[PDB]
2 protein chains.
Amino acid sequence: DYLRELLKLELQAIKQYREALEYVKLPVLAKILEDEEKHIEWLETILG
Amino acid sequence: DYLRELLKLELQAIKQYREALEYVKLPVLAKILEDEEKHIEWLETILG
Ligand SMILES: [Co+2]
Ligand SMILES: [Co+2]
């Protein structure tokens, strides 16, 4: 569950860095974004 | 605004990752703190 909630905060993180990338195209949001996709997989493996 | 939002997210995040890293010491989670630690760095720069 805590793992699950970080699984969703990370999820949320994705959708927002997504939109914001969409509107300001700062390369840097780009890189963090990819780090949150990672956090996801790390989470998923740990998770269900 | 979206910048402050992102800021808040990661501050949210950094906070739970810590408790989680607290309750059970899985190096993955700290590996994720350092990431969220870079992002906040970066968010701060964009925020100047
Ligand atoms: Co993350
Ligand atoms: Co982050």
# chains A, B, ... in the order shown; residues from 1 in each chain; ligands from 1
call {"tool": "residues_around", "arguments": {"residues": "residue 46 in chain A", "least_positions_apart": "5", "cutoff": "10 Å", "atoms": "only C-alpha atoms", "output": "list in words"}}
result
residues 3, 4, 40 and 41 of chain A; 28 of chain B
call {"tool": "write_last_selection", "arguments": {"atoms": "N, CA and C atoms", "output": "compact mmCIF listing (two decimals), in the first residue's frame"}}
result
# COMPACT_ATOMS: atom_id res chain seq x y z
N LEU A 3 3.59 1.15 -0.88
CA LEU A 3 4.34 1.03 -2.11
C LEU A 3 3.35 1.44 -3.18
N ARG A 4 2.16 0.95 -3.03
CA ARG A 4 1.19 1.33 -3.99
C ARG A 4 1.02 2.83 -4.05
N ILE A 40 8.41 4.18 -11.70
CA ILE A 40 7.34 3.26 -11.94
C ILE A 40 7.83 1.82 -12.06
N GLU A 41 8.71 1.56 -13.01
CA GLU A 41 9.00 0.16 -13.21
C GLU A 41 9.58 -0.39 -11.95
N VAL B 28 16.15 0.58 -3.07
CA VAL B 28 15.50 1.23 -4.18
C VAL B 28 14.93 2.53 -3.73
call {"tool": "closest_atom_pairs", "arguments": {"of": "chain B", "to": "ligand 1", "cutoff": "10 Å", "atoms": "only C-alpha atoms and all ligand atoms", "output": "Markdown table"}}
result
| residue | atom | partner | partner_atom_place_in_ligand_line | distance |
| --- | --- | --- | --- | --- |
| B:9 | CA | ligand 1 | 1 (Co) | 9.8 |
| B:10 | CA | ligand 1 | 1 (Co) | 7.9 |
| B:13 | CA | ligand 1 | 1 (Co) | 7.6 |
| B:14 | CA | ligand 1 | 1 (Co) | 8.8 |
| B:17 | CA | ligand 1 | 1 (Co) | 9.3 |
| B:29 | CA | ligand 1 | 1 (Co) | 9.8 |
| B:32 | CA | ligand 1 | 1 (Co) | 6.5 |
| B:33 | CA | ligand 1 | 1 (Co) | 8.2 |
| B:34 | CA | ligand 1 | 1 (Co) | 9.8 |
| B:35 | CA | ligand 1 | 1 (Co) | 7.0 |
| B:36 | CA | ligand 1 | 1 (Co) | 5.9 |
| B:37 | CA | ligand 1 | 1 (Co) | 9.7 |
| B:39 | CA | ligand 1 | 1 (Co) | 8.8 |
call {"tool": "write_last_selection", "arguments": {"atoms": "N, CA, C and O atoms", "output": "short mmCIF file (atom, residue, chain, number, x, y, z; two decimals), in the first residue's frame"}}
result
data_model
loop_
_atom_site.label_atom_id
_atom_site.label_comp_id
_atom_site.auth_asym_id
_atom_site.auth_seq_id
_atom_site.Cartn_x
_atom_site.Cartn_y
_atom_site.Cartn_z
N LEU B 9 4.38 18.62 -5.81
CA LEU B 9 4.41 17.20 -5.98
C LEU B 9 5.67 16.61 -5.41
O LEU B 9 5.64 15.61 -4.69
N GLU B 10 6.81 17.17 -5.76
CA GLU B 10 8.03 16.42 -5.50
C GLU B 10 8.36 16.52 -4.03
O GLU B 10 8.91 15.57 -3.44
N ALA B 13 6.48 14.19 -2.64
CA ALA B 13 7.06 12.88 -2.92
C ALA B 13 8.19 12.73 -2.00
O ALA B 13 8.23 11.80 -1.23
N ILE B 14 9.13 13.65 -2.05
CA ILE B 14 10.31 13.40 -1.26
C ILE B 14 9.92 13.03 0.16
O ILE B 14 10.53 12.15 0.78
N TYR B 17 8.59 9.24 0.30
CA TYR B 17 9.66 8.28 0.01
C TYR B 17 10.53 8.08 1.21
O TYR B 17 11.07 7.01 1.46
N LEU B 29 14.21 2.58 -2.62
CA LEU B 29 13.56 3.83 -2.30
C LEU B 29 14.58 4.97 -2.12
O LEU B 29 14.32 6.11 -2.47
N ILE B 32 15.58 6.23 -5.26
CA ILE B 32 14.60 7.20 -5.70
C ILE B 32 14.64 8.50 -4.92
O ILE B 32 14.37 9.55 -5.51
N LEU B 33 14.98 8.53 -3.64
CA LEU B 33 15.09 9.89 -3.11
C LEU B 33 16.09 10.72 -3.91
O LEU B 33 15.80 11.86 -4.27
N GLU B 34 17.26 10.17 -4.23
CA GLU B 34 18.27 11.05 -4.80
C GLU B 34 17.75 11.63 -6.11
O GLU B 34 18.05 12.76 -6.43
N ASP B 35 16.99 10.84 -6.86
CA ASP B 35 16.36 11.32 -8.08
C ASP B 35 15.44 12.49 -7.76
O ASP B 35 15.56 13.60 -8.31
N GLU B 36 14.47 12.26 -6.90
CA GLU B 36 13.53 13.32 -6.61
C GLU B 36 14.35 14.49 -6.05
O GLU B 36 14.03 15.64 -6.28
N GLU B 37 15.42 14.20 -5.32
CA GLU B 37 16.34 15.27 -4.98
C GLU B 37 16.95 16.08 -6.14
O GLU B 37 17.15 17.28 -6.01
N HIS B 39 15.40 16.42 -9.07
CA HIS B 39 14.32 17.12 -9.72
C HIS B 39 14.01 18.36 -8.94
O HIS B 39 13.76 19.42 -9.50
#
call {"tool": "closest_residue", "arguments": {"among": "B:44, B:25, B:8, B:20", "to": "chain A", "atoms": "only C-alpha atoms"}}
result
B:20
call {"tool": "atom_distance", "arguments": {"atom1": "CA of residue 12 in chain B", "atom2": "CA of residue 31 in chain B"}}
result
16.7 Å
call {"tool": "closest_residue", "arguments": {"among": "B:27, B:47, B:21, B:15", "to": "residue 2 in chain B", "atoms": "only C-alpha atoms"}}
result
B:47
call {"tool": "closest_residue", "arguments": {"among": "A:26, A:42, A:19, A:11", "to": "ligand 2", "atoms": "only C-alpha atoms and all ligand atoms"}}
result
A:11
